[PDB]
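Residues per chain are reported as follows:
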Amino acid sequence: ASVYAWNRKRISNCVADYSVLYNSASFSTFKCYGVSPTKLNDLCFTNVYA
Amino acid sequence: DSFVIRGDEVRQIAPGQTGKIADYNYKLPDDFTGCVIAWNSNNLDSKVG
Amino acid sequence: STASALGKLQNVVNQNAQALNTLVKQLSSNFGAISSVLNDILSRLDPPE
């Protein structure tokens, strides 16, 4: 969708691997602020938003 | 230390940085001191074929 | 019969207890960081910050 109508999805009750997202080079900008990208595999969250 | 890199991956050359070649091919210490220089060589280091 | 005749010793004890209590309570302040517990900071992000 357009930027003024940004599409929001809620993700929960899953097992997520972020290494398959980090290693892939298809992304020009992969910028993470509050956490280190390599530590995502060791943290458990709830109510993820995309 | 000299080598040849893709144009886009140039920002992987920094201390405290991780990447494909930054973890499997070349590593920079976090407390590195010195300078980094890079310049395009498309007219020379590239082949039409 | 009458109590509250030994106020000075009680004052000393109470002052010491209050000092220790405020010292132990001061351990729950951020001071401008992201968390007040060190283990979470260690386990959530890499050294450079």
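## Re the interface of chain A and chain C
Part 1: Each partner contributes to the interface: chain A provides five residues, whereas chain C provides five residues.
Part 2: Buried surface at the junction of chain A and chain C, summed over both partners, amounts to about 440 Å²; 48% is from carbon and sulfur atoms.
Part 3: On the chain A side of the contact with chain C, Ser36, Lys39 and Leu43 of chain A bury the most area, a combined 65% of that side's loss.
Part 4: Taken together, chain A and chain C are joined by zero salt bridges.
Part 5: One can count two residue pairs in polar contact joining chain A with chain C.
Part 6: Of the residues in the side of chain A that touches chain C, the class split is two nonpolar, two polar and one charged.

## Remarks on empty space enclosed by the protein
Residue and element names in this part refer to chain B.
Part 1: The full count for this structure, using the stated rule, is one cavity of 30 Å³ or more.
Part 2: By volume, the largest cavity is sized at about 80 Å³.
Part 3: Considering the residues around the largest cavity, the lining is formed by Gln12, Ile13, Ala14, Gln17, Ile21, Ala22, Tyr26, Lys27 and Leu28.
Part 4: Of the residues assigned to the lining of the largest cavity, the class counts are six nonpolar, two polar and one charged.

## Observations regarding the packing of aromatic side chains
All names here are of chain A.
Part 1: Inspection of every chain in the model, using the stated rule, returns two aromatic pairs over all chains.
Part 2: Considering the side-chain rings of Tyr22 and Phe30, the 5.8 Å spacing of their centres and the 45 degrees angle between planes classify their relative orientation as tilted.
Part 3: For the cation-ring pair, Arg8 lies above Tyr49, with the distance from its terminal atom to the ring centre recorded as 4.0 Å.

## Some details on the pattern of salt bridges
Residues and elements named next belong to chain B.
Part 1: By the definition in use, this model includes one salt bridge over all chains.
Part 2: In this structure, the salt-bridge partner of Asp23 is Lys27, at a minimum N-O distance of 2.4 Å.
Part 3: Looking at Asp23, the relative accessible area reads 37%, which means it is partly exposed.

## Quick look at unusual backbone geometry
Residue and element names in this part refer to chain A.
Part 1: With phi around 60 degrees, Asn13 is a residue other than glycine that occupies positive phi space.
Part 2: If you trace the backbone, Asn13 turns up in the loop between β1 (10–11) and α1 (19–23).
Part 3: The exposure class of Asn13 is exposed, given its relative accessible area of 82%.

Reading the values: the criteria
- Keep in mind that residues are numbered from 1 along each chain as the sequence reads, not by the entry's scheme, and that residues without coordinates are left out.
- Labels are handed out in written order, letters beginning with A for the chains and numbers beginning with 1 for the ligands.
- Part of a larger assembly is shown here, and the values speak for that part only.
- Excluded from the side-chain calculations are hydrogens and water; all other atoms, namely the structure's heavy atoms, are used.
- It only takes one pair of heavy atoms within 4.5 Å for two residues to be counted as in contact.
- When two components associate, each loses some accessible surface as probed by a 1.4 Å sphere; the sum of these losses over both components is called the buried area.
- Basic side-chain nitrogens of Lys or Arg form a salt bridge, by our definition, when they fall within 4 Å of a carboxyl oxygen of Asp or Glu.
- Whenever a nitrogen or oxygen atom comes within 3.5 Å of another N or O atom, the pair is scored as a polar contact, on the condition that within protein one atom can donate a hydrogen and the other can accept it, and that pairs from neighbouring residues in sequence are kept only if both atoms are in side chains.
- Only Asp, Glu, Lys and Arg are considered charged in this grouping, and only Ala, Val, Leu, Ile, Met, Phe, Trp, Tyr, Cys and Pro are considered nonpolar; every other residue, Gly among them, is considered polar.
- Here a cavity denotes grid points, spaced 1 Å and computed from the protein atoms alone, that fit a 1.4 Å probe unable to get out, and a pocket denotes an open set having protein on both sides within 12 Å along at least 5 of 7 lines; residues with an atom within 4 Å of a point are the lining.
- Grid points are joined across faces, edges and corners, and a volume is the space filled by probe spheres set on the points.
- Stacked, tilted and edge-to-face are the three classes applied to pairs of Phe, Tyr and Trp rings, where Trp contributes its six-membered ring and a pair requires centres within 6.5 Å; stacked means planes under 30 degrees apart, edge-to-face means over 60, and tilted covers the rest.
- The rule is short: NZ of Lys or CZ of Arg within 6 Å of the ring centre and within 35 degrees of the ring normal puts a charge over the ring.
- We call a residue buried when its accessible area falls under 20% of the maximum for its residue type, exposed when it is over 50%, and partly exposed in between, using a 1.4 Å probe and counting protein chains only.
- Put simply, DSSP marks the helices as runs of H or I at least four residues long and the strands as runs of E at least two long, and each gets a number from the N terminus on.

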